[PDB]
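Colleague: Enclosed is the structure file structure-v8.txt (compact mmCIF, C-alpha atoms).
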```txt
# COMPACT_ATOMS: atom_id res chain seq x y z
CA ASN Y 6 143.62 36.16 105.37
CA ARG Y 7 143.21 39.83 104.42
CA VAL Y 8 143.78 40.83 100.77
CA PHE Y 9 145.26 44.04 99.33
CA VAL Y 10 145.54 45.59 95.95
CA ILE Y 11 149.01 47.16 96.03
CA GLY Y 12 149.25 48.38 92.48
CA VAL Y 13 147.03 49.10 89.48
CA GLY Y 14 147.49 49.95 85.84
CA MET Y 15 145.60 50.15 82.58
CA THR Y 16 145.97 51.21 79.03
CA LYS Y 17 143.78 53.89 77.57
CA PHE Y 18 140.60 52.23 76.33
CA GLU Y 19 140.31 53.08 72.61
CA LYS Y 20 138.13 52.44 69.63
CA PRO Y 21 139.05 49.11 68.04
CA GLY Y 22 141.74 49.75 65.43
CA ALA Y 23 142.52 53.32 66.58
CA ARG Y 24 145.79 52.12 68.14
CA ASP Y 25 147.89 49.68 66.15
CA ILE Y 26 149.32 47.30 68.77
CA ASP Y 27 148.42 43.67 69.44
CA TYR Y 28 147.02 42.32 72.75
CA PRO Y 29 150.42 41.25 74.15
CA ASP Y 30 151.67 44.82 73.97
CA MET Y 31 148.40 46.07 75.51
CA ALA Y 32 148.82 43.58 78.30
CA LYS Y 33 152.46 44.55 78.79
CA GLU Y 34 151.61 48.25 79.15
CA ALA Y 35 148.88 47.60 81.75
CA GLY Y 36 150.84 44.94 83.63
CA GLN Y 37 154.14 46.84 83.72
CA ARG Y 38 152.23 49.89 84.89
CA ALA Y 39 150.62 47.94 87.76
CA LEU Y 40 153.96 46.41 88.71
CA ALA Y 41 155.69 49.81 88.76
CA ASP Y 42 152.78 51.19 90.84
CA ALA Y 43 153.18 48.28 93.26
CA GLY Y 44 156.96 48.87 93.60
CA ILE Y 45 157.96 45.20 93.51
CA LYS Y 46 160.23 43.07 91.35
CA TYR Y 47 158.68 40.97 88.60
CA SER Y 48 159.90 37.86 90.40
CA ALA Y 49 157.62 38.61 93.37
CA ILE Y 50 154.59 37.56 91.21
CA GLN Y 51 153.90 33.93 92.17
CA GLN Y 52 150.78 33.39 90.02
CA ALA Y 53 148.88 35.22 87.31
CA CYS Y 54 145.15 35.19 86.65
CA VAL Y 55 144.28 36.32 83.15
CA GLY Y 56 140.84 37.31 81.86
CA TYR Y 57 140.03 37.55 78.17
CA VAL Y 58 137.06 36.43 76.08
CA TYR Y 59 138.26 36.20 72.45
CA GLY Y 60 141.06 33.92 71.17
CA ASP Y 61 142.52 30.49 72.10
CA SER Y 62 143.78 29.13 75.43
CA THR Y 63 147.43 30.21 74.81
CA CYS Y 64 146.75 33.97 74.64
CA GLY Y 65 147.02 34.40 78.45
CA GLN Y 66 150.44 32.77 78.59
CA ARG Y 67 151.61 34.68 75.52
CA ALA Y 68 150.52 38.01 77.18
CA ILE Y 69 152.25 37.10 80.46
CA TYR Y 70 155.55 36.00 78.94
CA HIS Y 71 155.65 39.11 76.69
CA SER Y 72 155.00 41.25 79.82
CA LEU Y 73 157.19 39.63 82.49
CA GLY Y 74 159.56 37.39 80.51
CA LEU Y 75 159.58 33.63 80.52
CA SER Y 76 158.83 31.92 83.81
CA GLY Y 77 157.33 28.74 85.23
CA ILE Y 78 154.65 30.46 87.37
CA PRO Y 79 151.03 29.27 87.15
CA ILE Y 80 149.08 31.21 84.51
CA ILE Y 81 145.41 30.70 85.14
CA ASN Y 82 142.84 31.51 82.44
CA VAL Y 83 139.81 33.00 84.22
CA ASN Y 84 137.33 32.01 81.46
CA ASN Y 85 137.34 28.18 81.28
CA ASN Y 86 134.63 25.93 79.77
CA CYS Y 87 133.25 23.95 82.77
CA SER Y 88 132.56 26.63 85.47
CA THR Y 89 131.32 29.93 84.00
CA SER Y 91 134.78 34.21 87.43
CA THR Y 92 136.86 37.40 87.13
CA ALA Y 93 140.60 37.94 87.24
CA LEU Y 94 140.34 40.03 90.38
CA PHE Y 95 138.04 37.59 92.11
CA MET Y 96 140.35 34.67 91.33
CA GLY Y 97 143.39 36.71 92.39
CA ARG Y 98 141.72 37.48 95.70
CA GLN Y 99 140.81 33.81 96.19
CA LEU Y 100 144.45 32.84 95.73
CA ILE Y 101 145.64 35.29 98.40
CA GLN Y 102 142.73 34.62 100.81
CA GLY Y 103 143.05 30.87 100.45
CA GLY Y 104 146.80 30.97 101.30
CA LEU Y 105 147.77 29.58 97.86
CA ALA Y 106 149.95 32.65 97.10
CA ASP Y 107 151.37 35.71 98.76
CA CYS Y 108 151.54 37.95 95.66
CA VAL Y 109 149.64 37.68 92.37
CA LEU Y 110 149.03 39.54 89.10
CA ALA Y 111 145.47 39.91 87.85
CA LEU Y 112 145.56 40.77 84.14
CA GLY Y 113 142.66 41.44 81.76
CA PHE Y 114 142.62 42.42 78.06
CA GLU Y 115 140.65 42.46 74.92
CA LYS Y 116 141.37 43.25 71.31
CA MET Y 117 138.42 42.83 68.88
CA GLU Y 118 139.31 40.29 66.19
CA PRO Y 132 114.50 38.38 63.48
CA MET Y 133 115.04 40.94 66.22
CA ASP Y 134 118.16 38.93 67.18
CA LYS Y 135 119.52 39.11 63.67
CA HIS Y 136 118.70 42.86 63.55
CA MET Y 137 120.49 43.41 66.90
CA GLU Y 138 123.54 41.48 65.67
CA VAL Y 139 123.81 43.73 62.63
CA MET Y 140 123.25 46.77 64.85
CA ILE Y 141 125.91 45.68 67.33
CA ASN Y 142 128.37 45.21 64.44
CA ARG Y 143 127.61 48.54 62.67
CA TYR Y 144 127.37 50.79 65.71
CA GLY Y 145 130.31 49.04 67.52
CA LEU Y 146 128.45 47.99 70.67
CA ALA Y 147 129.95 45.74 73.32
CA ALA Y 148 126.92 43.50 73.73
CA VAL Y 149 125.52 40.14 72.70
CA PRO Y 150 122.39 40.23 70.50
CA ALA Y 151 119.98 39.40 73.31
CA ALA Y 152 121.27 42.07 75.71
CA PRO Y 153 119.73 45.27 74.34
CA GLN Y 154 116.34 43.53 74.33
CA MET Y 155 116.75 42.07 77.85
CA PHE Y 156 117.84 45.44 79.29
CA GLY Y 157 115.18 47.26 77.33
CA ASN Y 158 112.59 44.77 78.73
CA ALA Y 159 113.95 45.36 82.26
CA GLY Y 160 113.82 49.14 81.91
CA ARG Y 161 110.24 49.05 80.58
CA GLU Y 162 109.13 46.82 83.44
CA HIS Y 163 110.61 49.36 85.86
CA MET Y 164 108.77 52.26 84.18
CA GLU Y 165 105.50 50.32 84.13
CA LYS Y 166 105.73 49.21 87.76
CA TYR Y 167 107.20 52.39 89.32
CA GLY Y 168 106.60 55.38 87.03
CA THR Y 169 110.25 55.86 86.00
CA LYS Y 170 110.48 58.00 82.86
CA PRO Y 171 112.50 57.29 79.70
CA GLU Y 172 114.35 60.59 80.50
CA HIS Y 173 115.70 59.01 83.71
CA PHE Y 174 117.60 56.41 81.71
CA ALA Y 175 118.95 59.16 79.43
CA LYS Y 176 120.02 61.23 82.47
CA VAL Y 177 122.03 58.27 83.79
CA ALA Y 178 123.89 58.09 80.49
CA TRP Y 179 124.27 61.87 80.39
CA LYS Y 180 125.87 61.90 83.82
CA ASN Y 181 128.36 59.18 82.77
CA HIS Y 182 129.42 61.07 79.65
CA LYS Y 183 129.82 64.21 81.79
CA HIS Y 184 132.16 62.38 84.28
CA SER Y 185 134.13 61.11 81.29
CA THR Y 186 135.45 64.58 80.48
CA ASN Y 187 137.91 64.17 83.30
CA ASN Y 188 139.05 60.54 82.48
CA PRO Y 189 141.99 60.42 80.00
CA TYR Y 190 141.73 56.58 79.99
CA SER Y 191 138.17 56.74 78.51
CA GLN Y 192 137.49 56.21 74.78
CA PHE Y 193 134.93 59.03 74.95
CA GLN Y 194 135.63 62.17 76.98
CA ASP Y 195 132.87 64.49 75.64
CA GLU Y 196 129.92 66.02 77.38
CA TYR Y 197 126.76 65.53 75.37
CA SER Y 198 123.61 67.45 76.16
CA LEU Y 199 120.67 65.48 77.61
CA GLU Y 200 118.84 66.23 74.36
CA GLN Y 201 121.75 64.74 72.34
CA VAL Y 202 121.56 61.52 74.46
CA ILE Y 203 117.80 61.34 73.81
CA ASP Y 204 118.20 62.04 70.05
CA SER Y 205 121.10 59.59 69.42
CA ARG Y 206 120.32 56.58 67.19
CA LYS Y 207 117.69 54.21 68.55
CA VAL Y 208 119.13 50.88 69.61
CA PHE Y 209 116.13 49.16 71.15
CA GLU Y 210 113.06 50.82 72.57
CA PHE Y 211 114.01 53.84 74.79
CA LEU Y 212 117.71 52.83 74.60
CA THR Y 213 119.70 55.03 72.27
CA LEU Y 214 123.33 54.69 71.21
CA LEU Y 215 124.71 57.09 73.85
CA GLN Y 216 123.05 54.92 76.51
CA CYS Y 217 124.85 51.69 75.38
CA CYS Y 218 128.47 50.78 75.96
CA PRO Y 219 130.72 50.78 72.86
CA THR Y 220 133.56 48.28 72.34
CA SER Y 221 136.98 49.46 73.38
CA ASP Y 222 140.28 47.60 73.05
CA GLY Y 223 142.57 47.71 76.04
CA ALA Y 224 144.03 46.10 79.13
CA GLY Y 225 143.92 46.39 82.89
CA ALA Y 226 145.99 44.97 85.71
CA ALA Y 227 146.25 44.73 89.48
CA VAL Y 228 148.83 43.36 91.86
CA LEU Y 229 147.29 41.61 94.84
CA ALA Y 230 149.08 40.69 98.04
CA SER Y 231 148.71 39.18 101.50
CA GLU Y 232 149.07 41.15 104.75
CA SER Y 233 152.46 39.58 105.50
CA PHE Y 234 153.70 40.49 101.99
CA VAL Y 235 152.62 44.10 102.50
CA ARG Y 236 154.31 44.33 105.93
CA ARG Y 237 157.55 42.58 104.95
CA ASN Y 238 157.93 44.90 101.92
CA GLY Y 239 156.76 48.10 103.68
CA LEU Y 240 153.94 48.69 101.18
CA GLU Y 241 151.24 49.94 103.62
CA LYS Y 242 150.84 53.36 101.92
CA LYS Y 243 149.22 52.26 98.59
CA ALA Y 244 147.59 49.04 99.97
CA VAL Y 245 143.87 49.08 99.21
CA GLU Y 246 142.12 46.39 101.19
CA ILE Y 247 139.37 44.24 99.77
CA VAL Y 248 137.17 44.27 102.86
CA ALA Y 249 134.53 42.06 101.14
CA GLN Y 250 133.84 40.39 97.81
CA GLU Y 251 130.92 38.24 96.76
CA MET Y 252 129.99 36.51 93.55
CA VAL Y 253 126.41 35.36 92.90
CA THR Y 254 125.62 33.10 89.98
CA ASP Y 255 122.12 32.54 88.60
CA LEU Y 256 119.33 32.29 91.23
CA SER Y 257 116.84 29.65 90.16
CA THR Y 258 113.24 30.95 90.56
CA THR Y 259 109.63 29.96 89.69
CA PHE Y 260 107.46 31.09 86.84
CA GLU Y 261 105.28 33.13 89.20
CA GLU Y 262 108.23 35.03 90.72
CA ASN Y 263 110.29 35.61 87.51
CA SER Y 264 110.59 39.13 86.04
CA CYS Y 265 112.56 41.03 83.35
CA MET Y 266 114.59 42.69 86.10
CA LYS Y 267 115.46 39.32 87.63
CA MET Y 268 116.38 37.96 84.18
CA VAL Y 269 119.13 40.62 83.93
CA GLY Y 270 120.57 39.73 87.39
CA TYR Y 271 118.90 42.26 89.71
CA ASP Y 272 118.65 39.77 92.62
CA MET Y 273 122.19 38.47 92.01
CA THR Y 274 123.45 42.03 92.49
CA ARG Y 275 121.15 42.53 95.49
CA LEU Y 276 122.35 39.36 97.29
CA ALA Y 277 126.00 39.97 96.43
CA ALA Y 278 125.87 43.46 97.88
CA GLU Y 279 123.90 42.42 101.02
CA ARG Y 280 126.52 39.78 101.80
CA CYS Y 281 129.33 42.34 101.29
CA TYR Y 282 127.66 44.94 103.56
CA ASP Y 283 127.17 42.37 106.30
CA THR Y 284 130.77 41.07 106.03
CA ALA Y 285 132.35 44.54 106.13
CA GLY Y 286 129.84 45.78 108.76
CA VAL Y 287 128.74 48.72 106.64
CA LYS Y 288 125.67 49.92 104.83
CA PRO Y 289 124.94 51.57 101.44
CA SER Y 290 125.06 55.05 102.95
CA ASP Y 291 128.72 54.49 104.06
CA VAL Y 292 129.76 53.94 100.38
CA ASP Y 293 131.31 57.14 98.97
CA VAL Y 294 132.22 56.16 95.41
CA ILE Y 295 130.97 53.49 93.02
CA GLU Y 296 132.16 51.92 89.77
CA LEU Y 297 129.41 49.73 88.35
CA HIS Y 298 128.65 47.76 85.23
CA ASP Y 299 126.66 50.23 83.13
CA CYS Y 300 126.57 48.15 79.93
CA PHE Y 301 123.26 49.97 79.34
CA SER Y 302 121.88 52.95 81.26
CA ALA Y 303 119.02 50.62 82.24
CA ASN Y 304 121.40 48.39 84.18
CA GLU Y 305 122.88 51.32 86.08
CA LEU Y 306 119.44 52.67 87.00
CA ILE Y 307 118.06 49.40 88.43
CA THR Y 308 121.40 48.66 90.05
CA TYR Y 309 120.89 51.77 92.26
CA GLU Y 310 117.97 49.85 93.87
CA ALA Y 311 119.71 46.45 93.80
CA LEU Y 312 122.65 47.98 95.72
CA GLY Y 313 120.17 49.44 98.24
CA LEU Y 314 121.13 53.06 97.66
CA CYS Y 315 117.46 53.91 97.49
CA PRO Y 316 114.27 52.00 98.07
CA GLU Y 317 112.47 50.00 95.39
CA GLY Y 318 111.21 52.16 92.52
CA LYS Y 319 112.96 55.38 93.75
CA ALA Y 320 115.96 55.54 91.36
CA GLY Y 321 114.13 58.26 89.44
CA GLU Y 322 114.20 60.50 92.51
CA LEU Y 323 117.86 59.68 93.28
CA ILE Y 324 118.65 60.66 89.65
CA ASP Y 325 116.61 63.88 89.78
CA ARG Y 326 118.40 64.97 92.96
CA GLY Y 327 121.81 64.35 91.35
CA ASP Y 328 122.59 61.84 94.12
CA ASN Y 329 124.71 59.78 91.63
CA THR Y 330 127.26 62.56 90.98
CA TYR Y 331 129.59 65.15 92.56
CA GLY Y 332 127.78 67.15 95.26
CA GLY Y 333 125.28 64.30 95.84
CA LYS Y 334 125.26 61.29 98.18
CA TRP Y 335 127.15 58.91 95.83
CA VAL Y 336 129.63 59.64 93.11
CA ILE Y 337 128.82 56.87 90.62
CA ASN Y 338 131.22 56.03 87.78
CA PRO Y 339 133.72 58.87 88.11
CA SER Y 340 135.54 57.06 85.28
CA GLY Y 341 132.63 57.80 82.91
CA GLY Y 342 131.38 54.21 83.17
CA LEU Y 343 131.37 51.57 80.46
CA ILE Y 344 129.12 53.97 78.48
CA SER Y 345 132.10 56.38 78.02
CA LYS Y 346 135.14 54.14 78.50
CA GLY Y 347 133.89 51.42 76.28
CA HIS Y 348 133.99 47.78 77.34
CA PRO Y 349 136.96 45.54 76.45
CA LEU Y 350 135.41 42.36 77.88
CA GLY Y 351 138.46 40.98 79.72
CA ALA Y 352 139.74 44.36 80.99
CA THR Y 353 136.68 46.23 82.29
CA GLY Y 354 136.72 44.89 85.84
CA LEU Y 355 140.38 45.75 86.37
CA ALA Y 356 139.82 49.29 85.09
CA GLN Y 357 137.00 49.78 87.65
CA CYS Y 358 139.40 48.53 90.34
CA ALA Y 359 142.10 50.94 89.12
CA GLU Y 360 139.75 53.94 89.43
CA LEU Y 361 138.46 52.95 92.86
CA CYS Y 362 142.04 52.39 94.16
CA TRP Y 363 143.07 55.82 92.80
CA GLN Y 364 139.99 57.37 94.44
CA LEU Y 365 140.76 55.88 97.83
CA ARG Y 366 144.45 56.77 97.51
CA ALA Y 367 143.42 60.39 96.73
CA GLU Y 368 145.20 60.13 93.39
CA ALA Y 369 142.15 60.56 91.12
CA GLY Y 370 143.14 64.15 90.17
CA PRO Y 371 140.29 65.99 88.40
CA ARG Y 372 137.83 63.11 89.20
CA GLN Y 373 138.66 62.98 92.95
CA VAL Y 374 135.77 62.31 95.28
CA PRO Y 375 136.90 64.40 98.32
CA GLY Y 376 137.21 62.28 101.49
CA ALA Y 377 136.33 58.97 99.82
CA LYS Y 378 137.02 56.10 102.22
CA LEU Y 379 134.62 53.26 101.19
CA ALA Y 380 134.41 52.22 97.51
CA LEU Y 381 132.05 49.74 95.87
CA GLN Y 382 132.59 47.81 92.64
CA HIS Y 383 129.88 46.04 90.70
CA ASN Y 384 131.03 43.88 87.78
CA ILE Y 385 129.72 40.98 85.67
CA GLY Y 386 131.89 37.93 84.70
CA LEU Y 387 131.70 36.15 81.28
CA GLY Y 388 129.26 33.66 82.86
CA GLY Y 389 126.76 36.43 83.75
CA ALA Y 390 127.88 36.07 87.41
CA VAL Y 391 127.76 39.29 89.42
CA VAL Y 392 130.73 40.31 91.58
CA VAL Y 393 130.38 43.07 94.18
CA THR Y 394 133.55 44.23 95.91
CA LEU Y 395 134.08 46.67 98.79
CA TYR Y 396 137.38 48.51 99.23
CA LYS Y 397 138.98 50.62 102.00
CA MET Y 398 142.58 51.73 102.59
CA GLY Y 399 144.31 48.87 104.41
CA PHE Y 400 146.41 51.01 106.86
CA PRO Y 401 144.87 54.51 107.01
```
Any chance you could put this one into structure tokens?

Modeller:
Amino acid sequence: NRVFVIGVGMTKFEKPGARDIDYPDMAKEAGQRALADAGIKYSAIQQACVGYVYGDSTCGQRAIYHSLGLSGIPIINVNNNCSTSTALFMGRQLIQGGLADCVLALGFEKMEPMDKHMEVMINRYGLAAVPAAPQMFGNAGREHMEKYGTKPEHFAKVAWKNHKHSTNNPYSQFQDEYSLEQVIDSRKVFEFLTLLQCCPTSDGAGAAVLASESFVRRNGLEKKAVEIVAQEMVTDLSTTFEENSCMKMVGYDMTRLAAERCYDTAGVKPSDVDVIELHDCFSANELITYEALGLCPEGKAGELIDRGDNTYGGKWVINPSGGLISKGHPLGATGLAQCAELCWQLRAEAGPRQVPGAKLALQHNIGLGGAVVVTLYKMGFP
């Protein structure tokens, strides 16, 4: 059962408190945008999958009813207690499993001794991270430098490149080009990681309408249908003391396996991917993720970076959106915003960010559990 994204929508991602609307209105703007993009009636939505981190179990229903009106459709909260997914992944499962023909994936967030120090830092500098995460990604980045000769400047260049892409994304909280020097000189967060290398919190919402093949054909929606040609989630891989590493502790092998299974399923390889949206919570994650995704061999991200093979004119255009580093990271909404950008890219509607001739898109995203989801997209009916 093939699955298509037939419409996408998001709010601008803004600094918490910069825009005075509550989460239901954020959700309504994203959802109504995705529904208008899809070109379907609201009644065509048979189920909704709703991702958000903060607030009680009723928020998903409240967002959906405010957006679509009252109905009796299933409203599934992605983040439960007993399983530890994403809205898009669950949406795709519903279509692929034959449990629905047309579904709305909706995501939103509105913000409501070293660990203690990181908590205070995260609060004061407005970072979208848990206290452990700067330290874990700093540990992973250091391990990479020590094992492969990567320089602290490489991590700063990754962040620099993201901020530069962001100048052409009106949905991004930050749209300013910083100099490389400014990235290096921004406030220290942990170790080599400075503030301009860490994702800030944004408030916002994202949405996608997903549909079966028969739905797309019956409604004549072939034109905007972006096919999910593969999608894989990998949860924690249990390893021994002797094989554990800082890189593995931040999900390197989960990304690697997820991507390998995608490539095999779609019959493609890393070099066929034209455009990437990945989970750059820290520059260190983006950098090691280049190797996890198999874009370059082990320890060679530094070279890829120095050649500009992660930006326009290089092999891969990575985070044309500006990444989490520029957009900011509303926990429930980030994945759907990556999906929006990749769909626009493949539809040739990405305007000043357009990757010319993009046909194969790759998404890399992390669920609330820490699970990694890698998704491959191509136009469904070219």

Colleague: Could you check the closest approach to residue 159 in chain Y for each of Y:144, Y:70, Y:301, Y:18 and tell me which residue wins, using only C-alpha atoms?

Modeller: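 Among the listed residues, Y:301 lies closest to residue 159 in chain Y.
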
Colleague: Counting only C-alpha atoms, which residues have an atom no more than 8 Å from (140.8, 44.6, 81.8) in the file's coordinates? Please list them as a PyMOL selection string.

Modeller: chain Y and resi 15+56-57+112-115+223-226+349-356

Colleague: For each of Y:364, Y:238, Y:274, Y:345, take the minimum atom-to-atom distance to residue 310 in chain Y, counting only C-alpha atoms, then give the residue where this is smallest.

Modeller: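 Answer, going by the shortest atom-to-atom distance: Y:274.
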
Colleague: For a test of reading the model, state the distance in Å between CA of residue 147 in chain Y and CA of residue 207 in chain Y, rounded to one decimal.

Modeller: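 Value for the CA of residue 147 in chain Y-CA of residue 207 in chain Y distance: 15.6 Å.
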
Colleague: Got a sec: who's within 6 Å of residue 169 in chain Y, counting only C-alpha atoms, leaving out chain neighbours fewer than 2 positions off, as an MDAnalysis selection string?

Modeller: chainID Y and resid 164 167 321

Colleague: Taking 2 positions as the minimum chain separation for residues in the same chain, which residues sit within 9 Å of residue 184 in chain Y when counting only C-alpha atoms? Answer as a list in words.

Modeller: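 Residues meeting the cut-off are residues 179, 180, 181, 182, 186, 187, 188, 194, 195, 196, 330, 338, 339, 340, 341, 342, 345 and 372 of chain Y.
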
Colleague: Identify which of the residues Y:287, Y:212, Y:377, Y:247 lies closest to residue 363 in chain Y, counting all atoms listed in the file when measuring atom-to-atom distances.

Modeller: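 Answer, going by the shortest atom-to-atom distance: Y:377.
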
Colleague: For CA of residue 102 in chain Y and CA of residue 230 in chain Y, determine how far apart the two atoms are, in Å to one decimal place.

Modeller: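 Answer for the CA of residue 102 in chain Y to CA of residue 230 in chain Y separation: 9.2 Å.
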
Colleague: Can you rebuild range 58-74 of chain Y with N, CA, C and O atoms and give it as a compact mmCIF listing (two decimals), keeping the file's coordinate frame?

Modeller:
```txt
# COMPACT_ATOMS: atom_id res chain seq x y z
N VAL Y 58 138.23 37.13 76.64
CA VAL Y 58 137.06 36.43 76.08
C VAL Y 58 137.37 35.84 74.72
O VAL Y 58 136.93 34.74 74.45
N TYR Y 59 138.09 36.57 73.86
CA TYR Y 59 138.26 36.20 72.45
C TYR Y 59 139.62 35.60 72.29
O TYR Y 59 140.55 36.08 72.93
N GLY Y 60 139.76 34.59 71.42
CA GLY Y 60 141.06 33.92 71.17
C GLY Y 60 141.25 32.60 71.91
O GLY Y 60 140.45 32.28 72.80
N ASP Y 61 142.31 31.85 71.56
CA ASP Y 61 142.52 30.49 72.10
C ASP Y 61 143.14 30.49 73.49
O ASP Y 61 143.47 31.56 74.03
N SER Y 62 143.30 29.30 74.06
CA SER Y 62 143.78 29.13 75.43
C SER Y 62 145.23 29.59 75.70
O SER Y 62 145.61 29.71 76.83
N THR Y 63 146.03 29.81 74.65
CA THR Y 63 147.43 30.21 74.81
C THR Y 63 147.60 31.73 74.95
O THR Y 63 148.69 32.19 75.31
N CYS Y 64 146.56 32.51 74.66
CA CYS Y 64 146.75 33.97 74.64
C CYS Y 64 147.19 34.53 76.00
O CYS Y 64 148.00 35.45 76.05
N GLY Y 65 146.66 33.97 77.08
CA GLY Y 65 147.02 34.40 78.45
C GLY Y 65 148.48 34.22 78.78
O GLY Y 65 149.12 35.15 79.27
N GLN Y 66 149.01 33.04 78.46
CA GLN Y 66 150.44 32.77 78.59
C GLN Y 66 151.26 33.67 77.69
O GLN Y 66 152.27 34.19 78.11
N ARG Y 67 150.85 33.81 76.44
CA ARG Y 67 151.61 34.68 75.52
C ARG Y 67 151.66 36.12 76.07
O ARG Y 67 152.70 36.73 76.04
N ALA Y 68 150.53 36.64 76.59
CA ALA Y 68 150.52 38.01 77.18
C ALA Y 68 151.46 38.11 78.39
O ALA Y 68 152.23 39.09 78.52
N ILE Y 69 151.46 37.07 79.24
CA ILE Y 69 152.25 37.10 80.46
C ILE Y 69 153.74 37.01 80.17
O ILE Y 69 154.53 37.78 80.74
N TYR Y 70 154.14 36.11 79.29
CA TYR Y 70 155.55 36.00 78.94
C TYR Y 70 156.06 37.28 78.23
O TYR Y 70 157.12 37.79 78.56
N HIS Y 71 155.28 37.84 77.32
CA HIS Y 71 155.65 39.11 76.69
C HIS Y 71 155.80 40.26 77.73
O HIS Y 71 156.59 41.17 77.52
N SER Y 72 155.02 40.21 78.80
CA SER Y 72 155.00 41.25 79.82
C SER Y 72 156.11 41.11 80.86
O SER Y 72 156.73 42.09 81.23
N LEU Y 73 156.28 39.90 81.37
CA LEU Y 73 157.19 39.63 82.49
C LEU Y 73 158.46 38.89 82.09
O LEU Y 73 159.37 38.81 82.88
N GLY Y 74 158.49 38.33 80.88
CA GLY Y 74 159.56 37.39 80.51
C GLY Y 74 159.13 35.97 80.79
O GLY Y 74 158.07 35.73 81.40
```
